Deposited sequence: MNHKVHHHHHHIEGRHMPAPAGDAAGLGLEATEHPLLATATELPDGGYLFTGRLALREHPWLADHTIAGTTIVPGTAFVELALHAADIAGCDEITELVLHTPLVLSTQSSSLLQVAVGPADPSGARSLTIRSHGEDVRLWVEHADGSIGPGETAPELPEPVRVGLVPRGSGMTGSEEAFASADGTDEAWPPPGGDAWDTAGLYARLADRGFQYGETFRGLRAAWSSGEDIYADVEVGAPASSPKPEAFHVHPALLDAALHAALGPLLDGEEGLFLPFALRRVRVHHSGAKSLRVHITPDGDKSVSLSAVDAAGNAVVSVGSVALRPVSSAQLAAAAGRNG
């Protein structure tokens, strides 16, 4: 990294971080399924793709290095498809600060011997009683039948109850010995994704096909490295939920103003 004229960063998905003269930042890394076999456990209708929560994690790292408290808003566009035969240059770009302190943010990649960048995300950064217990293995079976083919690392929903319109979930990182440890991330993408698996129950209930995250608002992490979470999920309008989470000692870890889901065609994914 120094050998190429750049400053290193410590993160499981990014190798470099540099502040540019205009006050913006660039982060870069190599993304290959062979170096990150845990990502193989996030497969949707036959296609292995970087989860939305991983793009969230990347933005959290940028937020942290640039001094911002919040991902204000993030929207996902074209997916990033991983396979064992391929590998991608991955980049996060952050603009300079507004007078209010807000910065644009973008995440993009391209195949190792391909020229054209593909934009996967953009957005901005700146300033339990009497509830019916769920059969979570049963939830994962039904999700699998719809195309959510979560391998061991992404089957992190251990337990769940609902009361009224709300859901409470215990999540943990599935198959620990098979990812980088959750202590190495702002929030392990499998942990945060497993927190959404519960929400998929009611949200898919009388629905045809697949629904994935496409937009998040007000993501604020208060402590990095949580290994597990107790999660309060509440509805937020149609196909949206919000959530709030403490760790096993009750310290507040992360909150999400809003996560919006949308229908995706499996054929679009096979194409990407």
*Quick one: where does the model skip the deposited sequence?*
1 to 23, 151 to 190, 336 to 340
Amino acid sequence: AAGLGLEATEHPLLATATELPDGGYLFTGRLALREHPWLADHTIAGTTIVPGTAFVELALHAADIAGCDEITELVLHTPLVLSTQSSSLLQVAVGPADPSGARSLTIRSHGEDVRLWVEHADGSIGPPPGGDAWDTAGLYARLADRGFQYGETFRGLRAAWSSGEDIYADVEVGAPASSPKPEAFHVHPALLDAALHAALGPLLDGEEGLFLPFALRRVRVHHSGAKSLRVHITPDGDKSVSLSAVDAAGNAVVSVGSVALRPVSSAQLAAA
From here on, numbers count along this sequence of modelled residues.
*So which stretch wins on mean C-alpha B-factor, 217 to 225 or 202 to 210?*
202 to 210
*Which has higher Cα B-factors on average according to the PDB entry: 30 to 38 or 240 to 248?*
30 to 38
_Just to confirm, going by the entry's C-alpha B-factors, which of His188, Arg115, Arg103, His120 comes out highest?_
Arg115
*Out of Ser124, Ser178, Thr78, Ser109, which residue has the highest Cα temperature factor in the PDB record?*
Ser178
*Grab the CA temperature factor for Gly46 from the record and place it in the lowest, middle or highest third of its chain.*
middle
*Within this chain's modelled residues, let me know which third the CA B factor of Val259 belongs to: lowest, middle or highest.*
lowest
*Where the record places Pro99 (Cα B-factor, split into thirds across the chain)*: highest
*If you rank every modelled residue in this chain by C-alpha B factor, which third holds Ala15: lowest, middle or highest?*
middle
*asked:* Please say which third, lowest, middle or highest, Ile71 falls into when its CA temperature factor is compared across its chain.
replied: lowest
